[PDB]
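For reference, the structure discussed in these notes is given below.
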Number of protein chains: 2
Amino acid sequence: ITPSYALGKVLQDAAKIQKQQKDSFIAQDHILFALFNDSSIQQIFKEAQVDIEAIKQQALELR
Amino acid sequence: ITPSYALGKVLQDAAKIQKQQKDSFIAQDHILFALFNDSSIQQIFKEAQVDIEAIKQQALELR
């Protein structure tokens with residue numbers, strides 16, 4: 001029915017990343033940053049992806 | 001005093017655009033592509049251009 005605001009934020013954030021990273025189309029890595037920024041593991045002990053600094057490290061090492 | 005982070009980035013991005021198009025020198029056309037990647041006008045509801053999709057086509061629409 002909807003992408004919700006949950007993805008309005010993620011998908012649009014990926015677009016924001018594109019300006020930061022200088023390219024007209026959303027890279028899989030840019031959408032990965034957006035996903036990772038909003039992603040979480042909803043358990044009693046919150047778990048999460050390595051923070052964005054490592055994600056960026058790898059996003060810079062690869063391509 | 002400064003060109004802002006914004007023109008620093010736009011003028012250098014225009015060089016990046018040369019590289020995407022395989023052009024020898026920065027064109028005014030390239031500056032416009034760089035501006036599309038970084039075009040955002042401060043407002044509550046900000047104005048902006050499409051990152052780059054339309055301008056690639058619009059470059060073809062020039063002689």
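Over the Cα atoms of chain B, how large are the radius of gyration and the largest Cα-Cα distance (Dmax), in Å?
12.4, 39
Given the pairs A:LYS56/B:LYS56; A:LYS22/B:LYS46; A:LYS22/A:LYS46; A:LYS16/A:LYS46; A:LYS19/A:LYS46; A:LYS56/B:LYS46, which are separated by over 22 angstrom at their Cα positions?
Working: A:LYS56/B:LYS56 28 Å; A:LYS22/B:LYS46 19 Å; A:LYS22/A:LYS46 33 Å; A:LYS16/A:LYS46 27 Å; A:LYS19/A:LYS46 31 Å; A:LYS56/B:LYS46 27 Å.
Cα-Cα > 22 Å for A:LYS56/B:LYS56; A:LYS22/A:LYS46; A:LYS16/A:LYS46; A:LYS19/A:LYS46; A:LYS56/B:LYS46; rest within.
Using θ = phi - 60° and the Karplus curve 6.51 cos²θ - 1.76 cosθ + 1.60, what whole-Hz ³J(HN,Hα) does each residue of region B:15-32 get, with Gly and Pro shown as x?
Coupling constants for region B:15-32: 5, 4, 5, 3, 5, 5, 8, 6, 8, 5, 10, 5, 8, 5, 5, 6, 5, 4 Hz.
Under a GNM of chain A (C-alpha, springs under 10 Å), which listed residue has the highest mean-square fluctuation: A:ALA34, A:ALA15, A:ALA48?
A:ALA48
Calculate, in nm to one decimal, what A:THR2 and A:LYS46 gain on full extension: separation in residues at 0.36 nm each, minus their alpha carbon distance.
Numbers: separation 44, 0.36 × 44 = 15.84 nm, distance 2.67 nm.
Additional length available on full extension: 13.2 nm.
For chain B, modelled as a Gaussian network with Cα springs under 10 Å, which listed residue fluctuates most, B:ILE52, B:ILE26, B:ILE41?
B:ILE41
Quantify how strongly other chains surround peptide A:13-26 by giving the mean number of their Cβ atoms within 10 Å of each of its Cβ atoms. Mind dumping the intermediate values first?
Values: counts 0, 0, 3, 2, 0, 3, 10, 3, 1, 12, 6, 12, 4, 1.
Partner Cβ neighbours, averaged per residue: 4.
Relative contact order for chain B: what is it in percent, counting Cα pairs under 8 Å that are at least 6 residues apart?
Working: 52 pairs, mean separation 15.1, N = 63.
Relative contact order for chain B comes out at 24 percent.
Using the charge dipole of the protein assembly as shown (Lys, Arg: +1 at Cβ; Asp, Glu: -1 at Cβ; taken about the Cα centre), state which of A:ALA6, B:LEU32, B:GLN42 has its Cα farthest towards the positive end.
Going by the charge dipole, the pick is B:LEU32.
So what's the Cα pair-distance distribution over the protein assembly as shown, bin width 5 Å, in %?
Once binned at 5 Å, the Cα pair distances of the protein assembly as shown give 2, 10, 15, 18, 18, 15, 10, 6, 3, 2, 1, 0, 0.
Counting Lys and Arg as +1 and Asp and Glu as -1, each charge on the Cβ, what is the dipole of chain A about the Cα centre in debye, to the nearest 20?
For chain A, the charge dipole is close to 220 debye.
Per DSSP H run of n ≥ 4, the term is -39500 (n - 2.57); total these for chain B, divide by its residue number, and report the mean residue ellipticity at 222 nm rounded to 500 deg cm²/dmol. Walk me through the intermediate numbers first.
Values: 3 runs with 37 residues, N = 63.
That calculation yields -18500 deg cm²/dmol at 222 nm.
Can you list the HN-Hα couplings for region A:50-63, worked out from phi with the Karplus curve (6.51, -1.76, 1.60; θ = phi - 60°), rounded to whole Hz and with x for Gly and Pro?
3, 5, 3, 5, 7, 5, 4, 3, 5, 6, 9, 5, 9, 6
Evaluate the distance, in nm, between pseudo-label points positioned 7 Å from the Cα of A:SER39 and of A:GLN12 along their respective Cα→Cβ axes.
According to this spin-label approximation, the distance is 2.2 nm.
Fewest first, what order do A:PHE45, A:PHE25, B:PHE36 take by the number of other Cβ atoms within 10 Å?
If I rank by nearby Cβ atoms, fewest first, I get A:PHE45, A:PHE25, B:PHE36.
Since every read-out is calculated from the coordinates, none of them should be taken as a lab result. So basically every Cβ, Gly included, is an ideal-geometry build from the backbone, and we count neighbours across all protein chains shown.
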